[PDB]
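Asks: Residue numbers (the authors' numbering), protein chains in the order written: chain G, 230 to 284; chain A, 24 to 501; chain B, 24 to 377; chain E, 1 to 470; chain D, 232 to 471; chain F, 353 to 471.
Note that beta-carbon positions come from the ideal geometry of N, C-alpha and C, so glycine has one too.
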Ligand SMILES: Nc1ncnc2c1ncn2[C@@H]1O[C@H](COP(=O)(O)OP(=O)(O)OP(=O)(O)O)[C@@H](O)[C@H]1O
Ligand SMILES: Nc1ncnc2c1ncn2[C@@H]1O[C@H](COP(=O)(O)OP(=O)(O)OP(=O)(O)O)[C@@H](O)[C@H]1O
Ligand SMILES: Nc1ncnc2c1ncn2[C@@H]1O[C@H](COP(=O)(O)OP(=O)(O)OP(=O)(O)O)[C@@H](O)[C@H]1O
Ligand SMILES: [Mg+2]
Ligand SMILES: [Mg+2]
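#1: Give me, in chain order, the residues of the same chain whose beta-carbon lies closer than 8 Å to that of residue 128 of chain A; leave out the 5 immediate sequence neighbours on both sides.
#2: With a 10 Å radius around its C-beta and 16 neighbouring C-beta atoms as the bar for buried, classify residue 261 of chain A as buried or exposed.
#3: Given a cut-off of 7 Å, decide if residue 242 of chain B and residue 258 of chain B are closer than it, judged by their beta-carbon atoms.
#4: With 7 Å set as the bound, which would you pick, yes or no: does the beta-carbon of residue 407 of chain E sit closer than that to a beta-carbon of chain B?
#5: Just the chain A side, please: which residues come within less than 8 Å of residue 272 of chain E by C-beta, in chain order?
#6: Touching or not, the stretch 472-490 of chain A and the stretch 431-445 of chain A, by the rule of three or more beta carbon pairs under 8 Å?
#7: Who pairs with residue 250 of chain D in a beta bridge, going by DSSP?
#8: Quick one, which residues of the stretch 304-325 of chain B are near chain G if we go by CB-CB under 8 Å, in chain order?
#9: With a threshold of 7 Å on Cβ separation, who are the neighbours of residue 450 of chain A within its own chain once the five nearest residues in sequence on each side are excluded?
#10: Under 7 Å, Cβ to Cβ, is there at least one residue of chain D near residue 251 of chain G?
#11: Indicate whether at least one CB of chain D lies closer than 7 Å to the CB of residue 276 of chain A.
#12: Write down the C-beta distance between residue 267 of chain E and residue 11 of chain E rounded to the nearest angstrom, noting that I regard them as a contact closer than 8 Å.
#13: Express the C-alpha separation of residue 249 of chain B and residue 176 of chain B in angstroms, rounding to a whole number.
#14: Buried or exposed for residue 272 of chain B, please, with buried defined as at least 16 other CB atoms from any protein chain shown within 10 angstroms of its CB.
#15: Can you list, in chain order, every residue whose CB sits closer than 5 Å to a heavy atom of ligand 1?
#16: Tell me the DSSP secondary structure of residue 8 of chain E in three-state form.
#17: I want to know whether the stretch 400-413 of chain A touches the stretch 373-392 of chain A - three or more CB-CB distances under 8 Å.
#18: Please check the pair residue 233 of chain B and residue 76 of chain B, which I expect to be a contact at CB under 8 Å, by giving their CB distance rounded to whole angstroms.
#19: Can you confirm whether residue 276 of chain E, when its beta carbon is compared against all beta carbons of chain G, has any partner nearer than 7 Å?
#20: Is any non-hydrogen atom of ligand 2 found closer than 6 Å to the C-beta of residue 369 of chain A, if you look at the structure I gave you?
#21: So if DSSP puts residue 474 of chain E in a beta bridge, which residue, or which two residues, is it bridged to?
#22: Curious, which full-length alpha helix (DSSP H) runs of at least 4 residues does the stretch 203-289 of chain B contain?
#23: Can you determine whether any heavy atom of ligand 2 sits closer than 6 Å to the C-beta of residue 238 of chain A, and answer yes or no?
#24: Could you please give the first and the last residue of the uninterrupted alpha helix (DSSP H) stretch that includes residue 266 of chain D?
#25: Between residue 265 of chain G and chain A, is the shortest Cβ-Cβ distance under 7 Å, so that the two count as touching?
#26: Per DSSP, which one or two residues make a beta bridge with residue 116 of chain E?
#27: Would you mind telling me which residues of chain B sit closer than 9 Å to residue 356 of chain E, beta carbon to beta carbon, in chain order?
#28: At a cut of 8 Å, does the stretch 141-150 of chain A reach the stretch 107-127 of chain A through at least three beta carbon pairs?
#29: When DSSP labels each residue in this structure, what does residue 438 of chain A get in the three-state scheme?
#30: With DSSP run on the structure shown, which of helix, strand or coil describes residue 310 of chain E?
#31: Since residue 277 of chain G meets chain A, which of its residues come closer than 7 Å, beta carbon to beta carbon?
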């Protein structure tokens, strides 16, 4: 009984820690994704305008 | 020496630049020497930029172009019903001329603030999910947005078909599609009987860009004729993205300054002009209304692109369709979590409003608290009740092709679901339960059906329970 | 005769073009018909490119432009202490004219390699965290970097206030800030008695971009006036990101090809010019010093962005203020892991550094 | 000389040539009034705004309406001043467009009324207020957790059916009742159906007589959608400067203002900024916002509804807009469904003014304690769901007991909500709500039922409701 | 080539097969010269007349009352990005669509047809049959369910999956492997000869696999096999 | 210059082994990021154990850095570096704490500071 209780508590704690780590990783990846999206828009518009005014 | 004539200087890519035309107006029609027509968009200091509305291979530098003195306009009338037509008002199916005795300009002011009335009449599309969770009212403009091969055209066709027994005139605008696909759509509509009240406007991929640019406005004018006559019109735009691309092509050929993603600066103004002409008119100038269902095709589910964001901002609501939902077995594929209707409940009958609230909460409490199903297999907490209710709701919301459901039958089945009469029928049998319940209704519940159709309200709950139990004792579960 | 008189050809978006002005020199001040100042930027073969340092609505093509004969300059002196002025030296507090008697150029070379000395005198900011972990010396250039609403302005104000009993001149330059916030800052300084040794230079968000571009250079010139006279000066640039944005705007309106994040190619040189003037002079040059505390506003704590990286590459260290640590009740949110002083410790007193 | 001629038309952009030496100034308004000379012409009534001086006596302008039917060489006249809109008591209860002409059918404003220029510089440094002053709104949650500041800018975030319109109407009513200040609503990029519904709702609620409405519709050109905010601000500045009142300004969506500016820049041909925006994004935002300030004789406070593109708060438009905000209000559909009105999120909402230096030590302590208790209750939600509340320790149960009562007491009965509930409304002073929350925190009303806190004003009303319940 | 085919379609009323080696090269060549022609660039550097030219070319390839042309075209996808403007515009011109993904190619499955993204107007109950429609839909549903499980499998392992999801993976892997085939022209790459599988036989085999008759067979026995008979015979070579 | 005929056979082998262990640790870092070191097999746990100590021993205290941290710098011969890294790869110092490998020069200083701390 003591072993089963300890196993359940350990599983609960490990899953809580894993969930927190996954949430933090999601936040960092979202920040990086937004920066990449802004950079892509900047590059495409710069190329568009350079080609347009190169005539 | 006269100022009503000019000579062409440059020809190419579907546009022409002509010297002269001193007194030409902005947006006026012009006629070339060989007989083709054009529209004057750019009025520079010494030349006029003209977009050509036909084959430009016959136009050469130095030939003559003449004024017409009138703005672009299209024929309007009841003679267009049952016809498939180009944006210029010329038939494309043969079958003879159109015989229309009236015209209407393409560009017209939208109804003012004081000319309108609050949206209060439902638009029954025959789709359970749309009618229950994202209501559409007469005069509302609702965006239908999703990826390719998801069912937007099927939704539009079902909505058009469902308008048979209602005093509604439908207009279908096909932009940039294959003429074969348009022919197939027209054939399906003819088979289901929609050509008695439907008009089709086509601007295929082989047509010049200005025709694709002008097609939705021609559809809007044709709808506005009936709207100002006092009737109700439904207008569908099968792709606004292709029209925007055609306008972008014209603007880039005319050497106008490009904006984000090469689109011109007035691309938002174009779509706002187009979609602002759908309205619900006040009783002071007739109760007619025009409702619009624009389409937008997203790329890899990206709703943050320029045109999707513009149309989402402009419209009164969005219906999102998902490919994973489509492939998971949810054929309507409507994402109720993201789909939103900003006029909702003003566009529903009382019977539907009295069950839609419970249905929405059940669906939400399933969609969140999902992913517990695998661990809910190990029965815990009695959350399995919510899980089973959500699964049965999802099974109920499924629907087949070209089979719209009457609003009274939708209300009855949603009442049966929300009151717990399906809790002992397994999810595998919900479709059969609904299919046989409709027949049981039209056999032995004509009083309930007539009561709903007349009073727009639910019948007595005791009688409803009696009928449902009577059917349920005869339904065999397997 | 168009030697000292010009005529405007084009006006728009704060940039004008003039015909004539044959004798004008590059970087000269010009005066418009309505009294608005301008700077001669480009000397083309036929026309002159002029940057308007003020409201350009009253300037119309065909107006008269005349030479001033002076390189772009600002007034300096002791009469400027205790006053709030614009980047052109015009008072805005409403206390009357400023009686300065000499001027200094806005563009001036930095002290040479042999004109400097190692930093060895402590600048006591009065904040325990900074004075312990990130010591600041007189002549050092320390960056203050963090997100919005994290306490950079409070740190700067406390540092300025702490100099009450120390022989220091303080200059507060606010680029792109709100006028109400600048008014409250001035009121707090007046209440704590810092106006006896403080000069405030302001260029709000509603001002044209050239004024925001010019403000830090006016501040550093005002500081250099005292610095080269043997005194010690502290200069605070409340936001260099606003100046960078204004300069990017001006470059794009000049149709110069943008680069990373649409910034021009000389955005690094823009800040290097400004920050290379702060130095510790040698005994042969007088022993004066100028201390700079530039500010940079990051987005979501991204310290690896283009402008933050450029500013880090110039200064002598940085103090990082962390947003989530600030919201956790540690109001002086110094992130000790990412904060360092490269020339500190040599200035820290012996008692503190053990 | 004041006569020009149209020389070039390309979409919403029109170039006009003038006589040498008589060019119009920047931002000046030009008028085109043409009658069809023959069958091949159409009547024109169009207004233009000067944007650039291209040289050779030519001026580039942006149209405020459609340019269809324009003919090169037609006459243009210069008004000699920027756009001017009527100001004063005549603007109350009326709906205007960007030109200042009334949209409603109540008649036109006489030409003898005073009119003010749309473009003007911000108030000078020495005309501003020297201290920060709190604006009492009468709403408990706002006055406690996210205090408003006279002359400050407040961002508004919420869902479709949270109740933003009801909150706006209640703010208008409370300010007009207790401070004597009018409000101005600026419909930047307003849908016509939404504008009609809003007008009818204002007329039904009765706050129409204390407000002036300016609508810039979606189907209007980018110039009009740019200048609607400025004309609303001009209408508010009259009441700030002349009557000395404390005025409220509402903006439909400032993101549409920034997008209209970007579209205008693209049409003018200026090179795009980092993420495709105009180079002058910060300058335009500062010019708009810096006029909303508190002066020695009055103040204007502004409520902005802000759209975040792609949910990215690092995007340049939200990043520039957030630099001017002083507070933030978030509305929650969870609270709306739970029955909490106003549906203001007690944890997500933030305010710069919640500092002991300006709001008071007791107020700050009470607000912090309330937020801490609600955060603890939010933390305990999952364990309360999984296991019965009895399993919680006595301290946790006491925390939940306090927190539910506090959450219910955050609600309030609005004056404009009588049309929904039949019961009247309440105006709660900030000191009253602070004292009430302090008493609730001290356990004075632990024995009262939680439904007595549902919708009341003063703390005494909870006691009265409990006594009536028995 | 199009006009050569059009002559036969119109004048003789023959049935014509039109094969195009790569239709994306037409778009690429059109874009290579737009800047020299003097046109301002479009979004991704393409010519402004991209959609117009593509439609003017594609709309001539159609079946009429005088004759029918069925055309099979290979369409290149630059950098595997299906959101590229050329494939995005090309998608609207087709009736049946086959998508190839290199994720299946890296795993050794050929012809590596994506079982979900591939669409056809002919997949309808009245066109192909009710049993065929239902078995195809069940296969698609099983594969869609499998695709979601990979993300959690790659982290938490198969041991944490429920008994239902374990069976779903077990059958989905076998279905995906049986989707492979050996082509006659693939002898140079596989050694073994090709095969020809009729629609009735493949429907029957996929129905059996969906029912789970061959759960005990190893998953490797389904690689490039043709029918299920060859699967069960190839299993004998491994001693199963 | 990292070639067997230039630096020596044992030098090349030690460098290659160190690079291999570091690559394996870099591959595992994704799994340790989410679910920690508990689910790693006995081989991967030993790889992490060796890789952390190797990475810390790659640090050094510089003479110039004496102005920033008061510690004096060190100069390490390449033969001593090779011997130390070979010993760490062989598992001689698996029992020492990983914080004893930071900012030291020769492998003897690791033992000295581990003895200075608790051991
Ligand atoms: N409710 C449904 N039940 C069964 N099949 C459906 C249903 N809705 C759509 N489909 C099928 O799914 C496919 C979607 O085709 P549809 O033309 O409706 O999509 P679309 O989004 O307009 O695509 P596109 O224009 O890109 O071809 C068709 O094969 C259609 O028959
Ligand atoms: N040490 C402190 N103790 C308490 N409150 C503080 C402290 N430092 C700053 N604050 C408060 O925190 C807030 C931070 O504002 P501050 O102007 O100092 O920051 P900032 O980074 O310059 O912000 P912004 O971008 O708005 O200019 C202010 O309300 C200020 O009063
Ligand atoms: N204080 C309140 N008391 C009672 N009911 C309220 C209150 N606030 C909102 N409601 C209810 O919620 C509904 C939605 O409110 P409201 O019309 O203000 O929405 P909204 O969020 O402003 O809308 P939108 O985003 O569409 O402009 C109201 O019609 C009313 O039924
Ligand atoms: Mg379709
Ligand atoms: Mg600050």
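Replies: Here's the rundown:
#1: On the second chain, residue 128 of chain A is found 105 positions in, with the first residue counted as 1. Shown here for residue 128 of chain A: same chain residues with a beta carbon closer than 8 Å to its own, the five before and five after excluded, namely 94, 95, 96 and 244 in chain order.
#2: Position 238 of the second chain holds residue 261 of chain A. Classification of residue 261 of chain A: buried, given that the 10 Å Cβ count is 16 or more.
#3: As a first step, residue 258 of chain B is located in the third chain; it is residue number 235 there, counting from the start. As a first step, residue 242 of chain B is located in the third chain; it is residue number 219 there, counting from the start. Yes, these two residues count as a Cβ contact at 7 Å.
#4: In the fourth chain, residue 407 of chain E corresponds to position 407, counting from 1. Cβ-Cβ to chain B under 7 Å: no for residue 407 of chain E.
#5: Here residue 272 of chain E corresponds to residue number 272 of the fourth chain, with the count starting at 1. The answer, in chain order, is 282 and 283.
#6: As far as the Cβ criterion goes, the stretch 472-490 of chain A touches the stretch 431-445 of chain A, which means the pair count is three or higher.
#7: In the fifth chain, counting from the first residue as 1, residue 250 of chain D sits at position 19. Answer is D/303.
#8: 323 and 325
#9: For the purposes of this step, residue 450 of chain A is identified with residue 427 of the second chain, where counting begins at 1. By the criterion of a C-beta distance shorter than 7 Å, residue 450 of chain A is surrounded in its chain by 414, 415 and 418, once the five residues flanking it on both sides are discounted.
#10: As a working mapping, residue 251 of chain G is identified with position 22 in the first chain. Residue 251 of chain G does not count as touching chain D.
#11: For the purposes of this step, residue 276 of chain A is taken as the residue at position 253 of the second chain. Output row for residue 276 of chain A: interface = yes.
#12: Residue mapping note: residue 267 of chain E aligns to position 267 of the fourth chain, counting from 1. Residue mapping note: residue 11 of chain E aligns to position 11 of the fourth chain, counting from 1. About 7 Å separates the two Cβ atoms, so the contact holds.
#13: By 1-based counting over the third chain, the position of residue 176 of chain B is 153. By 1-based counting over the third chain, the position of residue 249 of chain B is 226. So the alpha carbons of these two residues sit roughly 24 Å apart.
#14: In the third chain, counting from the first residue as 1, residue 272 of chain B sits at position 249. Its Cβ being crowded by 16 or more others within 10 Å, residue 272 of chain B is buried.
#15: A/171, A/172, A/173, A/174, A/175, A/176, A/177, A/354 and A/424
#16: If you number the fourth chain from 1, residue 8 of chain E lands on position 8. Assignment of residue 8 of chain E by DSSP, reduced to helix, strand and coil, places it in the strand class.
#17: yes
#18: Along the third chain, read from residue 1 onward, the residue named residue 233 of chain B stands at position 210. Along the third chain, read from residue 1 onward, the residue named residue 76 of chain B stands at position 53. About 5 Å separates the CB atoms of residue 233 of chain B and residue 76 of chain B; that is less than 8 Å, so the two are in contact.
#19: In the fourth chain, counting from the first residue as 1, residue 276 of chain E sits at position 276. Closer than 7 Å to some Cβ of chain G, the Cβ of residue 276 of chain E qualifies, so yes.
#20: Sequence index remark: in the second chain, residue 369 of chain A carries index 346 (1-based). Incorrect: residue 369 of chain A has no Cβ contact closer than 6 Å to ligand 2.
#21: Residue 474 of chain E is absent from the model: chain E starts at 1 and stops at 470.
#22: 232-250 and 263-276
#23: The residue you call residue 238 of chain A lines up with position 215 of the second chain. Residue 238 of chain A Cβ: outside cutoff for every heavy atom of ligand 2.
#24: By one-based count along the fifth chain, residue 266 of chain D stands at place 35. Segment 265-268, the alpha helix (DSSP H) holding residue 266 of chain D.
#25: One-based indexing of the first chain puts residue 265 of chain G at position 36. No, residue 265 of chain G lies away from the interface with chain A (no Cβ there is under 7 Å from its Cβ).
#26: Within the fourth chain, numbered from 1, the residue matching residue 116 of chain E stands at position 116. Beta bridge pairing from DSSP links residue 116 of chain E with E/85.
#27: Position 356 of the fourth chain, counting from 1, holds the residue named residue 356 of chain E. Contacts between residue 356 of chain E and chain B, judged by CB atoms closer than 9 Å, are missing: the closest CB pair is about 12 Å apart.
#28: no
#29: Taking the first residue of the second chain as 1, we reach residue 438 of chain A at position 415. Helix at residue 438 of chain A.
#30: Counted from its first residue, the fourth chain places residue 310 of chain E at position 310. Reduced to three states, the DSSP call for residue 310 of chain E is helix.
#31: Counting from one through the first chain, the residue named residue 277 of chain G turns up at place 48. Here the neighbours are 281 and 285.
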